[PDB]
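Q: Next input, structure requested:
(chains A, B, C and D, ligands or ions: 5)
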Amino acid sequence: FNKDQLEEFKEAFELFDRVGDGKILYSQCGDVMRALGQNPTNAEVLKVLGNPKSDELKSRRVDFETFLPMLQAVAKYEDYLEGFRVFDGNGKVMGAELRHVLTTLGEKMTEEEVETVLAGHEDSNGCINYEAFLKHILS
Amino acid sequence: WXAXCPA
Amino acid sequence: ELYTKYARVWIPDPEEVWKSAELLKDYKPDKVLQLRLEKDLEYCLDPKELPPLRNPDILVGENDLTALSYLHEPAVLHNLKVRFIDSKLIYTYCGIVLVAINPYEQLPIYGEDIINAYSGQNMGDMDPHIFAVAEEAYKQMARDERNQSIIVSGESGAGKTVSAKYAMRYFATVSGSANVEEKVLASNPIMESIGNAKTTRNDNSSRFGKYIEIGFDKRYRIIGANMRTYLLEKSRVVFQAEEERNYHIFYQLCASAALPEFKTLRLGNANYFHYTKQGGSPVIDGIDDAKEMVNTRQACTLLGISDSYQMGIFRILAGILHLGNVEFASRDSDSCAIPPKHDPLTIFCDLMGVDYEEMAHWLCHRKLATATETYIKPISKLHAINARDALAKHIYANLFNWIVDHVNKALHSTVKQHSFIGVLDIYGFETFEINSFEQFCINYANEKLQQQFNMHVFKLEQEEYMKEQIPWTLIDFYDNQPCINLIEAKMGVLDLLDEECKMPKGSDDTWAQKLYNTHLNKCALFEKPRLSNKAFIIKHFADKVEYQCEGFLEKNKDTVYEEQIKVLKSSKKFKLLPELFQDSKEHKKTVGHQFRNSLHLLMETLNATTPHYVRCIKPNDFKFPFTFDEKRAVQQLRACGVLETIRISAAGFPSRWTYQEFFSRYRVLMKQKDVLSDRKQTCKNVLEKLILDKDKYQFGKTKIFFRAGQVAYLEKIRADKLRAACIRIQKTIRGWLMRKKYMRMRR
Amino acid sequence: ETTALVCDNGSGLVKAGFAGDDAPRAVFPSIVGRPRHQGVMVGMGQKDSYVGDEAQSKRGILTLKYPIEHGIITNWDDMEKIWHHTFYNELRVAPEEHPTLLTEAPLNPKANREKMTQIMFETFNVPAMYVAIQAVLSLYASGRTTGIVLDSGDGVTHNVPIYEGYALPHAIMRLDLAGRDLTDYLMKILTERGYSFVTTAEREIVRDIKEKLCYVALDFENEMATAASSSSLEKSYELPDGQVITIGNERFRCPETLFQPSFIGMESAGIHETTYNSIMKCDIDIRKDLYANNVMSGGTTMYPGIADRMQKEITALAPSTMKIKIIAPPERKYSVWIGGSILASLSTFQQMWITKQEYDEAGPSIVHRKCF
Ligand SMILES: Nc1ncnc2c1ncn2[C@@H]1O[C@H](COP(=O)(O)OP(=O)(O)NP(=O)(O)O)[C@@H](O)[C@H]1O
Ligand SMILES: Nc1ncnc2c1ncn2[C@@H]1O[C@H](COP(=O)(O)OP(=O)(O)O)[C@@H](O)[C@H]1O
Ligand SMILES: [Mg+2]
Ligand SMILES: [Mg+2]
Ligand SMILES: [Mg+2]
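A: Residues are numbered from 1 along each chain as shown, chains lettered A, B, ... in the order given. Ligands and ions are numbered 1, 2, ... in the order given. See the structure here:
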């Protein structure tokens, strides 16, 4: 990251500081990393966080200078399509099945997150054009 | 028998 | 390998036979496995086995145990248990066999709506139900003029009676005309009176096979039924071990003795008579014989035994009890006599209406008739007591046959019978602390049935294989014929027992010696218990059982002197007594030889007929509704032989799939160019990729077979891919969720 | 399925039947008749020779031969006629289909066993057969593994001690006294009272007199003094023509010759003192158990009082403190057959048979090693 990049990143980090001490919580680290264009799994996030225990993950605060190596480490299409074609082969995907798998397998999300990302992309049959939705979530 | 007796 | 981080396995436990462990860290090839439990364990892998794997959870709970990829004791037990406890389904296809766990409770699953749902269906499509067996028999009888049989097996209390009851009710519903089913049911309390006994493990253990034949007219209206019986235990009439009773009827009769009619019999209490006395336990908890007497006589009356005959029956039974009390004084080594004005014999002669002097004479002498010349000669007290007891046994077995004939007269219907379906209730395999001639016979019968079952399953699977055009040889046949030849064949255990009965100064010591000399290392299935010269071990299909010699020469001996029968035939007091005999080679036969011959007539009946099997299990001893115990059931599955059936099908090709449904399942694995619109050749390719050995799977014309491992691979690999795919999508979606959170940051 | 034939050749009676049944279903004398007179009438059914109950019926015109004398078969063509008659006429069963069990006395010549096997395989084609010692079979019949058998038929008498199912071959005794040579003496003493039975047909009448009226005296000198001193003992019997004959001391005096063979001019001691000498030839541990069982077998032991005379003088010879017991079941005439009927039915015996294969391979020689 260059100085300009470091300045933009610092500004973004400070926006996530909800206490005014110039720090975020460990549990926000993943959110900030994803907001900067990385798409790490919770496993990758916990790995760069050092697999913290519940107490420090929920209340220990780190400033930008400590976050930055973690952002760096995290930073350092055809598979996405085949992954969606798993759940297809007429180019559609049930809304119910995507909702179930995202809320029940892997790193399960909340129903509100899934409704939010899925809002407006499924038709009356309950089918999702997954190439367009993928372009949407990659934009 | 054959000697010491008739049968 | 199949063993990985967060695999699952079963490990043995003494308080429930098997318990589930996760594999805490992967195995690499020896001494130890690291295990995690519902807490944490490290476990010696020991000379040698790995612990059994656990099936992938989609398979668990599906109707047919053969569907499970891993076939082994704890997966079977688990599937039965989760179906029984969680689903509360009681019926399960093991292969062809229906397994029916006794629920100890009434259920709504029986009724005409269900019956109409089962009518016309194949076995496979609907969930297993006893009606789904009755329907198979019904339609196969429609397809083919061949009669059908249903075979119901297990320790009594497992509910073989109720399982027959429902099959009959199904026949009565699906086609109609007429009363016969209720008339069949009403026979049971007399059959259970004469033919059931308390045994150390059990009450109302039936000691005989019972075969009900249901006949049909050409339009398959029920005509009526006739009842046969086989394999009646006789030695129980005169001998009991500790904590056994004699057949119930003797005790019901003794407890009646205060009633008005029986006053003439001079019946005592049941500890008085030598044939009731030996067991130790006149009374049973919660079964009270004085009330049971009413049920017995009522069932006689519904089956229309005249109240003239009903008294005759109790006359004969009292005759037998009184007979056993007759006692002899020896007055030489070679001779004996009955002490004068002996009271038991006087009462016996009164009851049987015979000359006391002729009974008293014939009990102690036997008559040997050459062509011209006849000699009446004395006999040892030992022989006099053997003769008396063979007479008691011969009376009882004839009385039993006569009662069964009168019940047939009640059930029979004159309209000619086009074909029949027959239902066999027969005891299962038996093992106790002590094993004796009764167990030896019961286990021999079960081996012969288990052979016939192995034959039928092998035939069916062979014909399905060539229907699918696969080579036959791939199905081995597992054959217990060498054990049957151990027991029955010449110079067998039975043949040497029948020899040692006639041999001079035969004894169980000399009999055991003859066994060892004949078989001890000439055979693999026969072994001597290390510490004893008195016992021997036969390896049966289900288990090794150790038999004590010490009873068998007492129990195997029947011989009846014709003089003593002719005396009884002369009795003019009443008609039933000469009626029993009405009818010299047979009178020589030993009890083992009579049993071996009764079993041939049974097998000759069943081989006529195409079987469908039921097995019954008794999941907990204390009749707690809908409870299951691992430690009881693991025994009973061995006794009923479900476990050999399974392990013999665990070798082989236990699993089978349509190309359609396999492909539908596993499009997930398949690269879109590698998918053709043809299912068959695409999948024939894919399986060659996914599993090395064609040895593990065969392409049948319409179905894919696999060996027991192979479906586990498919579900494991499927889950591996589907997990990865989810994680990869999921994180990137969280990328956009953080975009929306930056939009939050602007708000 | 297939059940052995059991046949006892004996002398006098043949007795035969199927194994595993209670008593022989064919019994008849082993006697061959040939007619000796000129035949007058024509178109008669007149016949070369007759066997068994036929020859008894016609005996007035026949010469009767016994083909077995002192347990040795003397004539072979006669014996084949007797066997042929047994299987086809008495039992009516083809000998191809049934193993056969045949019985013999001990210490008789080996050629007897050889030729008796050769005839059974070659002419009858009996599929398997066996030859057994008469005395052994009496123990099977009487339910014992131990005893000394005293056996006397017509012809040979013999003793065989057996202990726990082992024979003791050096102690076996054989004596030619019994049964025929009693009758041949009874004819001579009856001549003293003025009756003459010479012909072979008359011998059968004397044999019937012996079977009916003779008995053994407890004390021989007391009863001779008594029957000298009274007519109380004296009985009369009716010949086949209706004459009547009266017999006194001769009736006890005949079977006494079993106990004093010097009457007929033999050397040996009587049956009590060969029984005792036989027990004396055994080792001293067993003797107490042989004295406790003496099994009498065969028809010449049927006379009334023969058991009580035996018990009395063996108790005189024996050491004073041992019980002597004589076992004499009323069956005993058939004991050898009943014993063989038991033996031929045992499962353990089905490996013992000489089978035709072994004979065809090894010839008549085999019998001596495989049997006894
Ligand atoms: N399919 C079933 N549905 C309902 N109850 C059942 C079923 N199978 C067994 N039972 C119960 O099992 C209990 C005992 O079975 P039952 O057939 O009466 O044993 P039984 O009288 O000893 N006959 P048996 O075991 O052959 O000697 C009864 O209370 C039944 O209700
Ligand atoms: N009741 C009897 N009393 C005395 N002697 C008899 C009696 N019955 C048969 N005998 C004689 O015994 C001999 C037959 O004995 P048996 O056992 O038949 O001989 P074998 O064993 O050779 O056939 C003949 O002398 C016969 O006359
Ligand atoms: Mg029952
Ligand atoms: Mg019941
Ligand atoms: Mg003889």
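
Q: name the element the residue nearest to the spatial centre of chain A belongs to?
A: Centroid-nearest residue in chain A: residue A:34, 4.7 Å away (criterion: Cα atoms, centre = their mean). With secondary structure defined by DSSP states H and E, residue A:34 is part of helix A:26-35.

Q: now for that helix, which elements pack on it?
A: With contacts defined as 3 or more Cβ pairs under 8 Å, 6 or more residues apart in numbering or on different chains; DSSP states H and E, the packing partners of helix A:26-35 are helix A:3-15, helix A:42-49, helix A:54-59, helix A:64-75, helix C:710-746. Quick note: C-beta positions are derived from backbone N, CA and C, even for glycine.

Q: can you tell me which residues contact residue C:165?
A: The contact partners of residue C:165, taken as Cβ atoms under 8 Å, 6 or more residues apart in numbering or on different chains, are residue C:185.

Q: ok, and for the helix or strand it falls within, which residues are buried?
A: Remark: residue C:165 resides in helix C:160-174, with elements defined by DSSP H and E. Neighbour counts using 16 or more other Cβ atoms under 10 Å in any protein chain shown place C:160-161, C:163-174 of helix C:160-174 among the buried residues.

Q: Kindly identify which of those also come near ligand 3.
A: Under the cut-off given by Cβ under 5 Å from the ion, ligand 3 has residue C:161 from the buried residues of helix C:160-174 close to it.

Q: Quick check, central residue of chain C?
A: For chain C, the residue whose C-alpha lies nearest the mean C-alpha position (Cα atoms, centre = their mean) is residue C:428; its distance is 2.5 Å.

Q: Quick one: the helices in the stretch 301-450 of chain C, in order.
A: In the stretch 301-450 of chain C, the helices defined using DSSP state H, counting those that start in this stretch lie at C:307-324, C:343-352, C:356-362, C:381-411, C:437-467.

Q: thinking again about what came up before, angle of the helix holding residue A:34 against helix A:42-49?
A: In terms of direction (axes from the mean of the first three to the mean of the last three Cα atoms, to 10 degrees), helix A:26-35 departs from helix A:42-49 by 110 degrees.

Q: So which residues make contact with helix A:26-35?
A: Contacts of helix A:26-35 with the rest of the structure, by Cβ under 8 Å, 6+ apart, involve A:12-13, A:16, A:24, A:40, A:42, A:45, A:48-49, A:52, A:56-58, A:60, A:62, A:67, A:70-71, A:74, C:734-735, C:737-739, C:741-742, C:745.

Q: Quick one: buried ones out of those?
A: A:13, A:16, A:24, A:40, A:45, A:48-49, A:57, A:62, A:67, A:70-71, A:74, C:734-735, C:737-739, C:741-742.

Q: Show me what from the stretch 451-600 of chain C comes close to chain D.
A: C:490-491, C:495-496, C:498-499, C:502-505, C:514, C:588 (Cβ under 8 Å from any Cβ of the partner chain).

Q: let's go with 7 Å and repeat that
A: Taking Cβ under 7 Å from any Cβ of the partner chain as the measure of proximity, the stretch 451-600 of chain C contacts chain D at C:490-491, C:495-496, C:499, C:502-505.

Q: quick one on the thing from earlier: okay if I get the helices of the stretch 301-450 of chain C as CSV plus distance to chain A and mean neighbour count?
A: Converted to CSV, the helices of the stretch 301-450 of chain C look like this (distance: least, Cβ to the nearest Cβ, whole Å; neighbours: other Cβ atoms under 10 Å in any protein chain shown):
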stretch, distance to chain A, mean neighbour count
helix C:307-324, 70, 20
helix C:343-352, 80, 19
helix C:356-362, 86, 17
helix C:381-411, 59, 19
helix C:437-467, 34, 18
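
Q: a markdown table for the ones you listed, including distance to ligand 3?
A: Supplementary listing: these in a markdown table, determined by distance: least, Cβ to the ion, whole Å:
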| stretch | distance to ligand 3 |
| --- | --- |
| helix C:307-324 | 21 |
| helix C:343-352 | 31 |
| helix C:356-362 | 37 |
| helix C:381-411 | 15 |
| helix C:437-467 | 15 |
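
Q: neighbouring contacts of stretch C:309-329?
A: With contact meaning Cβ atoms under 7 Å, 6 or more residues apart in numbering or on different chains, stretch C:309-329 is reached by C:238, C:249-250, C:253, C:261-262, C:265, C:267, C:273-276, C:297, C:300, C:336-339, C:342, C:344-345, C:347-348, C:351-352, C:381, C:384-385, C:388, C:392, C:395-396, C:399, C:574, C:576-577.
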